[PDB]
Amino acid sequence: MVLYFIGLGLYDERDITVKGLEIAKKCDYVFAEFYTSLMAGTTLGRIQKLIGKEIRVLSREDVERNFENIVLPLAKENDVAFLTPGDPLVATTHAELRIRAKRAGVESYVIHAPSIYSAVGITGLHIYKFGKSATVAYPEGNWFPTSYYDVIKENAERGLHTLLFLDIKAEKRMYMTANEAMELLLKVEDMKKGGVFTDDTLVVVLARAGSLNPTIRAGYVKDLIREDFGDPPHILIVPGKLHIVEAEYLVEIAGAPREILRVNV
């Protein structure tokens, strides 16, 4: 009679919370989805081993179109868990899933876990200074989306940082790298010329947040556009004007050039 939305955290099988693991262990059925994000530091096998349960993976279609036929029926007479990378309900469409549960007469509870939205605090950039967030998508066919550029512009105009998620083809396991993101933004800048993203723009790259050895790098596009940030997933941040403490952290912890202490503060 209960459905548990349980977050798996950021990187590996150990990013689940103690509460989340213990609850997952007591559930009769365990479902999971890895299309919104992928746990780059672990495997389904390792997660299953830790929880000690067989995990049925669901595709985007399974969830978006048939959640009420796959998951909810079982939650009517059993305890069921729905595992998702990060924190549950962060993915835009997941919250609506609780409405579906309600209508099916199923009680639902949310067990939180670390999300990239809060993990970015490791970059030293103040969380309150982040503005609207966006996703950088690959153009294709006659479609060249550029709204993420406008997001950066509006946030930066207000001295706010912009968190940019990069395109992911979960099924095909194809990750957009920070490098590709920068190349795309430079291309959008060449088209809109708003002076929003140029070779002189200061950016921050965070790779493998959650890992004990994440890659946190800060610098100008002209210098980082070809740097090796390691394996995905990658997150790109275009900070607004910096508080001196943010700048000092980027220099001391993220190897940013001393130059940002006078140019971007």
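Each residue number is its position in the shown sequence, starting from 1.
For the pair 192-200 and 213-221, the mean Cα B-factor is higher in 192-200. Once the C-alpha B-factors are averaged per stretch, 135-143 and 116-124 rank with 135-143 first. The residue among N78, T84, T93, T162 whose C-alpha atom has the highest B-factor in the PDB entry is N78. For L8, the recorded CA B-factor ranks within the lowest third of the chain. Only modelled residues enter the ranking.
Ranked within its chain, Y175 lands in the highest third, by CA B factor from the PDB record. When all modelled residues of the chain are sorted by CA temperature factor, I168 is found within the highest third. Placement of the Cα temperature factor of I55 within the chain: highest third of the modelled residues, per the deposited record. Compared with the other modelled residues of the chain, the Cα B-factor recorded for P239 ranks in the lowest third.
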